[PDB]
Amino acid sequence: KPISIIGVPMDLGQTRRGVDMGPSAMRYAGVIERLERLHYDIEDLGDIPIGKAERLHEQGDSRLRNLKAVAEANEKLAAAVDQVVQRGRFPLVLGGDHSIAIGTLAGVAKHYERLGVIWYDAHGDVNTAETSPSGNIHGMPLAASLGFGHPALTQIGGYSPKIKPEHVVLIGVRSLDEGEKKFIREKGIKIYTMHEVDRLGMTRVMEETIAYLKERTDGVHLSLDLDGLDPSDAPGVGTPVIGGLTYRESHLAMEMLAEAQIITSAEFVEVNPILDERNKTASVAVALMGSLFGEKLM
């Protein structure tokens, strides 16, 4: 299926500047060339216009920092993504902090009976203004997409929820806030923390994830945060957490997903050139995209 790339230069979901340079860092890491080689009809729809944040003290949210600008940028993204899907193309969203997942899922979910989600990440991203310890919206996209959070976030695209808890699989988690542990536990979300990855191995984790979703969804969205990889492999992220997934485990994951042919949309986020070492993180993302989209060693 033809691919359409949409860059979302978003950093309002968190406080570290530079993550808005992620889309172009990845473009410069050769994302187009990489995919063209796989003989794909690849189109780059450019970047979503992101607005600026007003004085924190002058406006609305500390438990929900930059809510208006984040909700507006996400409305735009949701529309762009909805259109690509309508054109029968695969939407490949390049971030940008994880708050953009709200817009991506808003544009995709409407097109599926039961959209599944694989959240490849070191965190849960299931906080609400009530549970968030930072007020950073990039830590709330999954919860918001499940229909939990501020209506400005849960209603993007004009509907909610975008997905169901039983159709979500978290992989690589190693940092959850107490409220999130409760959320995950209570909503019954399938989660493979680093304990399970270490204990079962990435092959088994992926086999189970693929079988679980394939068995109950009609589409699967891959939401990959580079912080899911160990900081030694992906240093250019704002919220690094040691003891993460390796470069190889990640390529294996992408290769098994490609093999399964279940991924119908994807986004690579949190690439921050300014916290990186010579674009290493953007390069890992592009390599991972190569695997996801069909590259084979043999």
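The first residue of the shown sequence is 1; numbering continues from there.
Participant: Should the higher mean CA B-factor in the entry be assigned to 55 to 63 or to 244 to 252?
Facilitator: Per the deposited B-factors, the answer is 55 to 63.
Participant: So, looking at the entry's B-factor column for Cα atoms, which has the higher mean, 93 to 101 or 109 to 117?
Facilitator: Comparing 93 to 101 with 109 to 117, the higher average CA B-factor belongs to 109 to 117.
Participant: Between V271, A266, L35, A29, which carries the biggest CA temperature factor in the record?
Facilitator: Highest C-alpha B-factor among the listed residues goes to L35.
Participant: Among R216, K162, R199, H138, which carries the highest Cα B-factor?
Facilitator: Among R216, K162, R199, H138, the PDB entry lists the largest C-alpha B-factor for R216.
Participant: Once the chain's modelled residues are ordered by C-alpha B factor and cut into thirds, is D125 in the lowest, middle or highest one?
Facilitator: CA B-factor rank for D125: middle third.
Participant: Splitting the chain's C-alpha B-factors into thirds, which one does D82 fall into?
Facilitator: It belongs to the highest third of the chain when residues are ordered by C-alpha B-factor.
Participant: Pull the Cα B-factor of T281 out of the PDB entry and bin it into the chain's lowest, middle or highest third.
Facilitator: Its C-alpha B-factor, which the entry lists for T281, ranks in the middle third among residues of this chain.
Participant: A234: which third of its chain by C-alpha temperature factor?
Facilitator: Middle third by C-alpha B-factor.
Participant: Quick one: classify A71 as lowest, middle or highest third of the chain based on its Cα B-factor.
Facilitator: According to the entry, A71 has a C-alpha B-factor in the chain's middle third.
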